[PDB]
Amino acid sequence: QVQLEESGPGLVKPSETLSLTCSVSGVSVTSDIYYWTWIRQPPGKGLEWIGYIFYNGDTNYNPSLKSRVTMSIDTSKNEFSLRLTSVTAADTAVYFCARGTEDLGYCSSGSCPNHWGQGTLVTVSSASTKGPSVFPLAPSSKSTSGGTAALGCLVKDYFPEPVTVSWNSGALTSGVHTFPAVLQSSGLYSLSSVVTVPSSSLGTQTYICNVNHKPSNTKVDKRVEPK
Amino acid sequence: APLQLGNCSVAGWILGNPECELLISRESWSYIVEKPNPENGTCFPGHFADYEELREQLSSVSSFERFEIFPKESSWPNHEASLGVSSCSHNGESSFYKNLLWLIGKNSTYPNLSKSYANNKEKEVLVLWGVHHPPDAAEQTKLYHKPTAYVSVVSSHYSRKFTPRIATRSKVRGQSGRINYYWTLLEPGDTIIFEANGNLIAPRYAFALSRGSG
Amino acid sequence: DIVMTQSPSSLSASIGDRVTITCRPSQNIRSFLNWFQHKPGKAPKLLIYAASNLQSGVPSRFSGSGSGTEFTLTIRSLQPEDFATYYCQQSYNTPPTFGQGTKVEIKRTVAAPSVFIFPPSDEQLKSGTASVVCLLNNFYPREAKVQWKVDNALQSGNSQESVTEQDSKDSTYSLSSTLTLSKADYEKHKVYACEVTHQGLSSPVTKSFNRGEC
Ligand SMILES: *[C@@H]1O[C@H](CO)[C@@H](O)[C@H](O)[C@H]1NC(C)=O
Ligand SMILES: [K+]
Ligand SMILES: [K+]
Ligand SMILES: [K+]
Ligand SMILES: [K+]
Ligand SMILES: [K+]
Ligand SMILES: [K+]
Ligand SMILES: [K+]
């Protein structure tokens, strides 16, 4: 059916312009009934409406955003877009695109997005991209603790979010806990991924964490081994 | 006197929502007592045109007579009618509005239709109808046997053309499509003309009436 | 401008329980209110439209009720997949607005953490910084106290915690505490300890290591 997918710059510097693109599949942006919407979720907060646009060119934007807001529609690529100018850190957010269907009997115009994309993170700061270092969290020589041991990987000093971590290329998922990153006092992020496994298995089984920091193009596979 | 609508809105009553029929009948009234939130109205979802105007123009009525403008059992030789929809149920069975007729294809086709009514009565006649907007192209073909359609309605004081807009809406009463409702007052001696090749919820019952307590 | 006030802001309930989330707008909005479900990293999903209408794919346990200035989302037999943050949304005035959200978590029995300590890596150590990590694995409730001790001295201001979201299978939380120190200072001390207090532990659990000694 309809698929909406947001794409954009993960990192933008302040006073610069945010550009964001929703790729729509399954339906034509040329419709006269469907409308297109942007919504955003600031870190730690709820949902804030940005605005709507109709192919007839009728648009409406959130007053809070003053006049830094532009949307357009590209019939050629079946996409719509958002432009936000004079960006501050207060514009750091996950950005959602969404479709709605004009329905004046149960909704004010362009006001009921009902098919949303998964969203895309946009960080506004002047800080520089940086990839992470990955270090092993070795299973301790103190084994047979509950018959269960713990190991993992530390992914430190990176920017911007996000990073993804996997184990044994997807073959190890049970018992994995990949933590949300923290913002260190350096301005850089750090996170860890851990996994509990049978102590019985430390000599035979191999464990590897696959880390991926797309914004720095860093892909790292770190062998984690018994101490 | 007053007209009581029980659990029904003006829309549910005047369209004939199947749950709005036990109403105590009245040929005259001075006001309409209706609940702040009626539970029975547009059992099939859609937008009701000029609705507050209709409530006001029907609030006080000196004469009100229902009549079969387009007799159901005799006026539609080349079309069939829906047997009913779940959102408009009565006694655990799918039904529909008493005052409209959901015309659908017959023998795998939906012929062009053209229907006129001359108001030879000596009072205004209130006519109501609807236009169906199916949620997808498969329902459009299934009922009307063509991807697009036209509905036209014309009088000496009313003229409008309608085009079904096929699109999936959020469900309301389980329905992803819509029926938009329209009405007009046909004056003594005027003629109303319906033309369609699909998507028409036709009038079945209309109302000769005398607006005003005077 | 229409301000949407939801209650409560967070709640914990048992599987099978009936949950009620309430929404009040700053003015009457008729039935122009919708409810959404949002799980971290997933697309928001419209569950209820126009106050009371279930959407496709949404289980019948979900119900919406109310009109005007009071609305209620009801989840009748809470299931583990219902873990999410819920939002009401008004569609009555031009700037569409959402309530602040209501986070739904699962109530379960007390479970004590399993505790693990990780010394800094030799690889890391080559770069001048040392990270010591403490793991509290699969515990409930979320509240826990984790204190770092270096040569028996309590640390403060040099550690950061992070917690996972509730597990899908066991409804537990996991947590890490990372102690950050210069290499120079790490090499001046011997005994690194993570001390854990939690409702499931009858006294604090300490995991510790001796620098240099595996
Ligand atoms: C009428 O209202 C009742 C509630 O009193 C509701 O259960 C039913 O679905 C409604 N039916 C119609 C046809 O409007
Ligand atoms: K209406
Ligand atoms: K109505
Ligand atoms: K139907
Ligand atoms: K149209
Ligand atoms: K349904
Ligand atoms: K390390
Ligand atoms: K505690």
# chains A, B, ... in the order shown; residues from 1 in each chain; ligands from 1

$ interface_residues --of "chain C" --to "chain A" --cutoff "9 Å" --atoms "only C-alpha atoms" --output "MDAnalysis selection string"
chainID C and resid 31:34 41:46 49:50 87 89:101 114 116:124 131 133 135 137 160:165 174:176 214

$ write_last_selection --atoms "C-alpha atoms" --output "mmCIF file, in the first residue's frame"
data_model
loop_
_atom_site.group_PDB
_atom_site.id
_atom_site.type_symbol
_atom_site.label_atom_id
_atom_site.label_comp_id
_atom_site.auth_asym_id
_atom_site.auth_seq_id
_atom_site.Cartn_x
_atom_site.Cartn_y
_atom_site.Cartn_z
ATOM 1 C CA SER C 31 -15.723 14.827 18.142
ATOM 2 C CA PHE C 32 -12.701 16.238 16.374
ATOM 3 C CA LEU C 33 -10.266 14.208 18.405
ATOM 4 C CA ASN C 34 -8.126 11.274 17.462
ATOM 5 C CA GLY C 41 11.580 4.202 16.502
ATOM 6 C CA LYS C 42 8.312 3.205 14.840
ATOM 7 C CA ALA C 43 5.714 5.148 12.847
ATOM 8 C CA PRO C 44 2.830 6.586 14.904
ATOM 9 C CA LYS C 45 -0.417 4.745 14.346
ATOM 10 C CA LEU C 46 -3.914 6.188 14.443
ATOM 11 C CA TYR C 49 -10.612 8.489 14.760
ATOM 12 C CA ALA C 50 -13.186 11.088 15.550
ATOM 13 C CA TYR C 87 -1.366 10.698 22.309
ATOM 14 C CA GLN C 89 -4.946 14.949 18.928
ATOM 15 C CA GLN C 90 -7.444 17.677 18.285
ATOM 16 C CA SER C 91 -8.460 18.403 14.684
ATOM 17 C CA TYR C 92 -10.885 21.264 15.359
ATOM 18 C CA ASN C 93 -8.730 24.416 15.018
ATOM 19 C CA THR C 94 -6.000 25.148 12.391
ATOM 20 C CA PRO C 95 -2.966 24.568 14.380
ATOM 21 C CA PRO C 96 -3.484 20.835 15.056
ATOM 22 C CA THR C 97 -2.308 20.045 18.635
ATOM 23 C CA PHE C 98 -1.394 16.873 20.566
ATOM 24 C CA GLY C 99 -1.665 16.021 24.243
ATOM 25 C CA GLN C 100 1.666 15.572 26.078
ATOM 26 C CA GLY C 101 1.451 11.830 25.993
ATOM 27 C CA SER C 114 22.344 -9.820 38.078
ATOM 28 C CA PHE C 116 28.594 -7.405 36.331
ATOM 29 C CA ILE C 117 31.681 -5.140 36.349
ATOM 30 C CA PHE C 118 33.955 -4.472 33.364
ATOM 31 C CA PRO C 119 37.473 -3.023 33.704
ATOM 32 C CA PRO C 120 38.719 -0.664 31.075
ATOM 33 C CA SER C 121 40.212 -2.244 28.005
ATOM 34 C CA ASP C 122 43.948 -2.318 27.334
ATOM 35 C CA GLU C 123 43.124 -0.917 23.927
ATOM 36 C CA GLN C 124 41.338 1.954 25.524
ATOM 37 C CA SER C 131 36.018 3.633 31.239
ATOM 38 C CA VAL C 133 31.398 -0.213 33.307
ATOM 39 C CA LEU C 135 25.851 -3.768 34.358
ATOM 40 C CA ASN C 137 20.795 -7.034 34.115
ATOM 41 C CA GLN C 160 26.611 8.396 33.631
ATOM 42 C CA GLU C 161 23.742 5.903 33.542
ATOM 43 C CA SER C 162 21.583 4.569 30.771
ATOM 44 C CA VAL C 163 18.570 2.326 30.914
ATOM 45 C CA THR C 164 16.950 0.116 28.339
ATOM 46 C CA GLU C 165 13.239 0.135 27.612
ATOM 47 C CA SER C 174 18.602 -3.337 32.242
ATOM 48 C CA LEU C 175 21.024 -0.591 33.185
ATOM 49 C CA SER C 176 24.579 0.514 32.740
ATOM 50 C CA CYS C 214 42.401 -10.747 36.331
#

$ residues_around --residues "residue 18 of chain C" --least-positions-apart "2" --cutoff "7 Å" --atoms "only C-alpha atoms" --output "mmCIF file with N, CA, C and O atoms, in the first residue's frame"
data_model
loop_
_atom_site.group_PDB
_atom_site.id
_atom_site.type_symbol
_atom_site.label_atom_id
_atom_site.label_comp_id
_atom_site.auth_asym_id
_atom_site.auth_seq_id
_atom_site.Cartn_x
_atom_site.Cartn_y
_atom_site.Cartn_z
ATOM 1 N N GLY C 16 -3.854 -7.898 31.210
ATOM 2 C CA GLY C 16 -5.259 -8.242 31.495
ATOM 3 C C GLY C 16 -6.020 -7.091 32.129
ATOM 4 O O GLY C 16 -7.252 -7.134 32.148
ATOM 5 N N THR C 20 -7.300 3.257 31.331
ATOM 6 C CA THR C 20 -8.037 4.384 30.890
ATOM 7 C C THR C 20 -7.123 5.613 30.807
ATOM 8 O O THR C 20 -6.458 5.964 31.752
ATOM 9 N N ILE C 75 -8.255 0.728 26.999
ATOM 10 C CA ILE C 75 -7.630 -0.499 26.526
ATOM 11 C C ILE C 75 -8.096 -1.526 27.534
ATOM 12 O O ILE C 75 -7.638 -1.533 28.660
ATOM 13 N N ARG C 76 -8.979 -2.403 27.124
ATOM 14 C CA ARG C 76 -9.611 -3.310 28.071
ATOM 15 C C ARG C 76 -8.848 -4.509 28.673
ATOM 16 O O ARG C 76 -9.125 -4.880 29.798
ATOM 17 N N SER C 77 -7.948 -5.114 27.954
ATOM 18 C CA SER C 77 -7.269 -6.310 28.461
ATOM 19 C C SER C 77 -5.851 -6.088 28.013
ATOM 20 O O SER C 77 -5.425 -6.625 27.017
ATOM 21 N N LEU C 78 -5.135 -5.275 28.752
ATOM 22 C CA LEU C 78 -3.811 -4.883 28.333
ATOM 23 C C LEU C 78 -2.922 -6.047 27.916
ATOM 24 O O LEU C 78 -2.810 -7.040 28.622
#

$ closest_residue --among "C:129, C:200, C:153, C:187" --to "ligand 7" --atoms "only C-alpha atoms and all ligand atoms"
C:129

$ interface_residues --of "chain B" --to "chain C" --cutoff "10 Å" --atoms "only C-alpha atoms" --output "compact mmCIF listing (two decimals) with C-alpha atoms, in the first residue's frame"
# COMPACT_ATOMS: atom_id res chain seq x y z
CA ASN B 37 -25.19 14.89 21.52
CA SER B 170 -9.98 6.64 8.15
CA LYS B 171 -12.74 4.29 9.21
CA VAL B 172 -15.88 5.78 10.72
CA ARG B 173 -18.42 3.17 11.84
CA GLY B 174 -16.12 0.70 10.04
CA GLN B 175 -16.38 2.53 6.74
CA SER B 176 -13.42 3.74 4.67

$ select_by_dssp --residues "segment 40-205 of chain B" --states "strand (DSSP E)" --output "VMD selection string"
chain B and resid 61 to 68 80 to 81 85 to 90 93 to 95 100 to 104 113 to 118 124 to 133 151 to 154 159 to 162 178 to 186 191 to 196 200 to 203 205

$ write_last_selection --atoms "C-alpha atoms" --output "CSV table (one decimal), in the first residue's frame"
chain,number,residue,atom,x,y,z
B,61,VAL,CA,-42.9,24.1,10.3
B,62,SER,CA,-46.7,24.6,9.7
B,63,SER,CA,-47.2,21.5,7.3
B,64,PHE,CA,-45.0,18.5,6.7
B,65,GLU,CA,-46.0,15.6,4.3
B,66,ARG,CA,-43.8,12.8,3.2
B,67,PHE,CA,-44.3,11.3,-0.3
B,68,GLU,CA,-42.5,8.9,-2.5
B,80,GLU,CA,-30.7,-2.6,-8.3
B,81,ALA,CA,-30.6,-1.3,-4.7
B,85,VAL,CA,-24.8,-1.7,5.1
B,86,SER,CA,-23.6,-2.8,8.6
B,87,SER,CA,-23.1,0.8,9.9
B,88,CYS,CA,-26.8,1.4,9.4
B,89,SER,CA,-28.2,-1.7,11.2
B,90,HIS,CA,-31.7,-2.2,12.7
B,93,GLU,CA,-29.5,-6.6,10.4
B,94,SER,CA,-27.8,-4.4,7.8
B,95,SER,CA,-30.1,-1.6,6.6
B,100,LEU,CA,-32.7,7.4,0.1
B,101,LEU,CA,-31.9,4.5,-2.2
B,102,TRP,CA,-28.5,3.2,-2.8
B,103,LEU,CA,-28.5,2.4,-6.5
B,104,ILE,CA,-26.0,-0.2,-7.7
B,113,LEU,CA,-30.0,7.4,-15.6
B,114,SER,CA,-32.0,10.6,-15.8
B,115,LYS,CA,-34.9,11.4,-13.6
B,116,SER,CA,-37.1,14.4,-13.2
B,117,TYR,CA,-39.7,15.6,-10.8
B,118,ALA,CA,-42.1,18.5,-11.3
B,124,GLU,CA,-42.1,23.7,-1.3
B,125,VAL,CA,-40.7,20.2,-1.6
B,126,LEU,CA,-37.6,19.3,0.3
B,127,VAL,CA,-35.4,16.9,-1.7
B,128,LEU,CA,-32.4,15.1,-0.2
B,129,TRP,CA,-29.8,12.9,-1.8
B,130,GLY,CA,-26.2,11.8,-1.6
B,131,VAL,CA,-23.1,11.0,-3.6
B,132,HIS,CA,-20.9,7.9,-2.8
B,133,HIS,CA,-17.2,8.2,-2.6
B,151,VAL,CA,-23.8,13.0,-10.7
B,152,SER,CA,-25.7,16.1,-11.7
B,153,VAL,CA,-28.6,17.8,-10.0
B,154,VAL,CA,-30.4,20.9,-11.4
B,159,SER,CA,-27.4,23.5,-9.8
B,160,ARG,CA,-24.4,21.3,-9.0
B,161,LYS,CA,-22.2,18.7,-10.5
B,162,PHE,CA,-20.5,16.0,-8.5
B,178,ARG,CA,-18.0,8.2,2.3
B,179,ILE,CA,-21.5,9.5,1.3
B,180,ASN,CA,-21.9,13.2,1.2
B,181,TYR,CA,-25.5,14.5,1.7
B,182,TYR,CA,-27.1,17.4,-0.2
B,183,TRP,CA,-30.6,18.9,-0.2
B,184,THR,CA,-32.6,21.7,-1.8
B,185,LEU,CA,-36.1,23.2,-1.5
B,186,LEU,CA,-37.9,22.8,-4.9
B,191,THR,CA,-38.6,20.8,-11.8
B,192,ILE,CA,-35.6,19.0,-10.3
B,193,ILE,CA,-33.5,16.8,-12.6
B,194,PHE,CA,-31.1,14.0,-11.5
B,195,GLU,CA,-28.6,12.6,-14.0
B,196,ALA,CA,-25.9,10.1,-13.1
B,200,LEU,CA,-26.0,8.4,-6.8
B,201,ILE,CA,-27.8,7.8,-3.5
B,202,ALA,CA,-31.2,8.7,-4.9
B,203,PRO,CA,-34.1,10.3,-3.3
B,205,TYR,CA,-38.9,10.0,0.1

$ residues_around --residues "residue 15 of chain C" --least-positions-apart "4" --cutoff "10 Å" --atoms "only C-alpha atoms" --output "ChimeraX atom specification"
/C:76-80,82,105-108

$ residues_near_ligand --ligand "ligand 5" --cutoff "8 Å" --atoms "only C-alpha atoms and all ligand atoms" --output "PyMOL selection string"
(chain A and resi 32-33) or (chain B and resi 162-165)

$ write_last_selection --atoms "N, CA, C and O atoms" --output "PDB file, in the first residue's frame"
ATOM      1  N   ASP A  32      -6.116  15.134  -5.471  1.00  0.00           N
ATOM      2  CA  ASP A  32      -6.804  16.320  -5.031  1.00  0.00           C
ATOM      3  C   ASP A  32      -7.477  16.109  -3.681  1.00  0.00           C
ATOM      4  O   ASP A  32      -8.009  17.045  -3.131  1.00  0.00           O
ATOM      5  N   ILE A  33      -7.430  14.898  -3.152  1.00  0.00           N
ATOM      6  CA  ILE A  33      -8.108  14.578  -1.890  1.00  0.00           C
ATOM      7  C   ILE A  33      -7.110  14.379  -0.743  1.00  0.00           C
ATOM      8  O   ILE A  33      -7.323  14.839   0.358  1.00  0.00           O
TER       9      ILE A  33
ATOM     10  N   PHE B 162     -21.313  16.687  -9.460  1.00  0.00           N
ATOM     11  CA  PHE B 162     -20.516  15.964  -8.456  1.00  0.00           C
ATOM     12  C   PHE B 162     -19.651  14.908  -9.135  1.00  0.00           C
ATOM     13  O   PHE B 162     -20.101  14.274 -10.095  1.00  0.00           O
ATOM     14  N   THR B 163     -18.459  14.721  -8.585  1.00  0.00           N
ATOM     15  CA  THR B 163     -17.528  13.720  -9.067  1.00  0.00           C
ATOM     16  C   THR B 163     -17.051  12.899  -7.880  1.00  0.00           C
ATOM     17  O   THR B 163     -16.548  13.447  -6.933  1.00  0.00           O
ATOM     18  N   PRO B 164     -17.249  11.580  -7.920  1.00  0.00           N
ATOM     19  CA  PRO B 164     -16.699  10.747  -6.858  1.00  0.00           C
ATOM     20  C   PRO B 164     -15.180  10.906  -6.721  1.00  0.00           C
ATOM     21  O   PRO B 164     -14.502  10.893  -7.712  1.00  0.00           O
ATOM     22  N   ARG B 165     -14.718  11.088  -5.496  1.00  0.00           N
ATOM     23  CA  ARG B 165     -13.264  11.177  -5.217  1.00  0.00           C
ATOM     24  C   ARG B 165     -12.882   9.867  -4.527  1.00  0.00           C
ATOM     25  O   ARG B 165     -13.206   9.698  -3.352  1.00  0.00           O
TER      26      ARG B 165
END

$ residues_around --residues "residue 80 of chain A" --least-positions-apart "3" --cutoff "8 Å" --atoms "only C-alpha atoms" --output "MDAnalysis selection string"
chainID A and resid 21:24 29 36 71:74

$ atom_distance --atom1 "atom CA of residue 44 of chain A" --atom2 "atom CA of residue 92 of chain A"
10.8 Å

$ closest_atom_pairs --of "chain B" --to "chain A" --cutoff "8 Å" --atoms "only C-alpha atoms" --output "CSV"
residue,atom,partner,partner_atom,distance
B:45,CA,A:105,CA,7.9
B:46,CA,A:105,CA,5.8
B:47,CA,A:105,CA,4.3
B:48,CA,A:105,CA,7.2
B:165,CA,A:33,CA,7.0
B:167,CA,A:33,CA,7.3
B:168,CA,A:101,CA,7.3
B:169,CA,A:101,CA,5.8
B:170,CA,A:114,CA,7.3

$ atom_distance --atom1 "atom CA of residue 19 of chain B" --atom2 "atom CA of residue 57 of chain B"
23.3 Å

$ residues_around --residues "residue 180 of chain C" --least-positions-apart "3" --cutoff "7 Å" --atoms "only C-alpha atoms" --output "number ranges by chain"
C: 130-132, 158-159

$ residues_near_ligand --ligand "ligand 8" --cutoff "6 Å" --atoms "only C-alpha atoms and all ligand atoms" --output "PyMOL selection string"
chain C and resi 143-145+197-199

$ write_last_selection --atoms "N, CA, C and O atoms" --output "PDB file, in the first residue's frame"
ATOM      1  N   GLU C 143      13.675   1.579  39.399  1.00  0.00           N
ATOM      2  CA  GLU C 143      14.483   2.276  40.403  1.00  0.00           C
ATOM      3  C   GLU C 143      15.588   1.406  41.003  1.00  0.00           C
ATOM      4  O   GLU C 143      15.345   0.314  41.556  1.00  0.00           O
ATOM      5  N   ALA C 144      16.814   1.944  40.935  1.00  0.00           N
ATOM      6  CA  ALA C 144      18.006   1.286  41.441  1.00  0.00           C
ATOM      7  C   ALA C 144      19.008   2.362  41.816  1.00  0.00           C
ATOM      8  O   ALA C 144      19.008   3.459  41.247  1.00  0.00           O
ATOM      9  N   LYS C 145      19.858   2.056  42.785  1.00  0.00           N
ATOM     10  CA  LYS C 145      20.948   2.948  43.152  1.00  0.00           C
ATOM     11  C   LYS C 145      22.251   2.233  42.868  1.00  0.00           C
ATOM     12  O   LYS C 145      22.446   1.095  43.298  1.00  0.00           O
ATOM     13  N   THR C 197      22.052  -1.210  45.037  1.00  0.00           N
ATOM     14  CA  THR C 197      20.887  -1.311  45.913  1.00  0.00           C
ATOM     15  C   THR C 197      19.630  -1.395  45.050  1.00  0.00           C
ATOM     16  O   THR C 197      19.449  -0.576  44.143  1.00  0.00           O
ATOM     17  N   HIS C 198      18.751  -2.354  45.345  1.00  0.00           N
ATOM     18  CA  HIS C 198      17.507  -2.523  44.587  1.00  0.00           C
ATOM     19  C   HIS C 198      16.514  -3.269  45.444  1.00  0.00           C
ATOM     20  O   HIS C 198      16.912  -4.102  46.252  1.00  0.00           O
ATOM     21  N   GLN C 199      15.216  -3.023  45.202  1.00  0.00           N
ATOM     22  CA  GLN C 199      14.165  -3.626  46.034  1.00  0.00           C
ATOM     23  C   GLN C 199      14.254  -5.142  46.085  1.00  0.00           C
ATOM     24  O   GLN C 199      13.874  -5.748  47.093  1.00  0.00           O
TER      25      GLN C 199
END

$ residues_around --residues "residue 33 of chain B" --least-positions-apart "3" --cutoff "12 Å" --atoms "only C-alpha atoms" --output "list in words"
residues 1, 2, 3, 4, 5, 6, 7, 8, 9, 10, 29, 30, 36, 37, 38, 55, 58, 59 and 60 of chain B

$ select_by_dssp --residues "segment 97-181 of chain B" --states "helix (DSSP H, G or I)" --output "PyMOL selection string"
chain B and resi 137-144

$ atom_distance --atom1 "atom CA of residue 52 of chain A" --atom2 "atom 1 (K, counted along the ligand's line) of ligand 3"
25.2 Å
